[PDB]
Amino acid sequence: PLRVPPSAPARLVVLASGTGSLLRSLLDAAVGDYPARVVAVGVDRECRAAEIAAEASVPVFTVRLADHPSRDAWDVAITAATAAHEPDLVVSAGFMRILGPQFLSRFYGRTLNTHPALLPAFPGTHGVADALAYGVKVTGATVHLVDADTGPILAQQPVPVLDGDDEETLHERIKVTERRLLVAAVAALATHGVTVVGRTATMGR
């Protein structure tokens, strides 16, 4: 079984490819007595997340797939760059590349993703549209461990579907909850650690 010990005060690396809205919430939370700090942000392209990091005086590293001869070579480089910061936890919810086997060898159990549905319902890139089309009244957000997207679930929180929602309005309501849930899960993992038996992840004492 997977055992990840507590790491508070924890070092967090955020991997990002996009607008950095989640990074904003992490940076805002990760101050004072919050049990982690964002020590670095890694990106694979120019993006607003890199700008948000730099504005917060957080080091930014860039590892572009295009700068390496193969995905295996890129995997080694991003693993080395991330490991260089000695992270206890990695958030890759906003990262738009698949993390490879070298990265997972080092960071499985410590790498977190989010999804805008209550997994296992509505998996994939269109989970919000799919939930809306199905006519559910409750959807939600999931934080789960990254693996080789059905990794062990760390945390979930429900979100209502309101009569007359479109994809954009529902997705935005879910994203609001996703940010809070991720911030809470990072803190819990830092302070409590996690153990995984079967596919069930349990926060420690």
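A residue's number is simply how far along the shown sequence it sits, counting from 1.
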Exercise. When you step from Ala148 to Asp149 in this entry, do you jump over none, 1 to 3, 4 to 9, or 10 or more residues of the deposited sequence that have no coordinates?
Worked result: 1 to 3
For this session: Look over 150 to 158 and 170 to 178 in the entry and identify the one with the greater average Cα temperature factor.
Result: 170 to 178
For this session: Compare the mean C-alpha B-factor of 131 to 139 with that of 106 to 114 as given in the PDB entry, and name the stretch with the higher value.
Result: 106 to 114
Seminar exercise, completed: Among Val41, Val63, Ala30, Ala56, highest Cα B-factor in the entry goes to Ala56
Exercise. Thinking about Cα B factors across the chain, which third does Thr191 belong to?
Worked result: middle
For this session: Among all modelled residues of this chain, ranked by Cα B factor, put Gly100 in the bottom, middle or top third, i.e. lowest, middle or highest.
Result: lowest
For this session: Could you say whether, by C-alpha temperature factor, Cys47 belongs to the lowest, middle or highest third of its chain?
Result: highest
Problem set entry | For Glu86, the third of its chain into which the C-alpha B factor falls | highest
Exercise. By the record's CA B-factor, is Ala16 among the lowest, middle or highest third of residues in the chain?
Worked result: lowest
